[PDB]
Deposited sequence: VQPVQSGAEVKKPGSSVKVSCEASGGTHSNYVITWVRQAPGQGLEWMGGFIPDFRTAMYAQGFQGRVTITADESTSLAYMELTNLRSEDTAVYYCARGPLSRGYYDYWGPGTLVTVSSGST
């Protein structure tokens, strides 16, 4: 529920893989920011803008991996789930605090 990563390391946030999966992070003092999404039944991954290409979305569980961590990546990372084709998320998992230093 709270992890400490060193700068330049990587973090993986995994989510249980008809529903849409979305990854969101909450940086202190910056609100929520989308990191991307994944639809298990169609295996389609959407990438968010603004992470300098260091996000990878994979599935075996679906995974959001953020590489080359820096202090600006310190945030709470959530899995969220919502119904297919309805652009909202009715279930948010527990957050994971990731502290980069």
(message) Could you spell out the stretches of the deposited sequence that were left without C-alpha coordinates, going in sequence order?
(response) 1-6, 24-29, 73-76, 118-121
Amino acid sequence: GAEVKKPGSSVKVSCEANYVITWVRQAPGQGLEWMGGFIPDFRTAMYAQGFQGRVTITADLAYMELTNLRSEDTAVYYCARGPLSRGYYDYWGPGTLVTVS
From here on, numbers count along this sequence of modelled residues.
(message) Please compare 32-40 with 49-57 and say which has the higher mean C-alpha temperature factor in the record.
(response) 49-57
(request) Determine, for stretches 72-80 and 22-30, which one has the higher mean CA B-factor as deposited. (result) 22-30
